[PDB]
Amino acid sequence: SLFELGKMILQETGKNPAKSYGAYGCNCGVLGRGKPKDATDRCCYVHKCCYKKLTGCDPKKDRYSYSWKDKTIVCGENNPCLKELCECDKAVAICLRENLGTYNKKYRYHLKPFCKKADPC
């Protein structure tokens, strides 16, 4: 669920999720996958692809449990889809953090036209 996704991003990056990622490049935010602008955008690209692997669970709103253990994201079990949904979220949060160095604000506000077809996930 968006609420834990955002929270994980906050915990990992220390950044306001909605704002830094809400509309970022072609993949971070509303809509679907697009050709990534940079490493950050990629994270979200991979994240949406991860979201496809899911069936059963609803990523946008399905709640799941996870804890912040030693500044690490750890979700407890929730069941198949929910758990791997968390892992999707955890992955993107870490990925956004790992890529803060190339984070580029010009990609922060949003425009999609430039977002060419995305390769198969």
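A residue's number is simply how far along the shown sequence it sits, counting from 1. Only the largest set of C-alpha atoms that superpose within 1.5 Å between the two forms is called the rigid core.
Greater C-alpha displacement in 6 other deposited structures of this protein (rigid core superposition, RMS over structures and residues), of 84-92 versus 29-37: 29-37. Two stretches, 6-14 and 102-110, are weighed by how far their CA atoms sit from the shown form in 6 other deposited structures of this protein after rigid core superposition; the farther one is 102-110. Mean CA B-factor, 30-38 versus 67-75: the higher value falls on 30-38. The stretch with the higher mean CA B factor, choosing between 105-113 and 8-16, is 105-113. Sort the chain's modelled residues by C-alpha temperature factor and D58 lands in the lowest third, per the entry. Ranked by Cα temperature factor within the chain, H47 sits in the middle third according to the deposited record. In this PDB entry, the Cα temperature factor of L82 sits in the top third of its chain's modelled residues, the highest group.
Looking at the C-alpha B-factors along this chain, the one for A118 belongs to the highest third.
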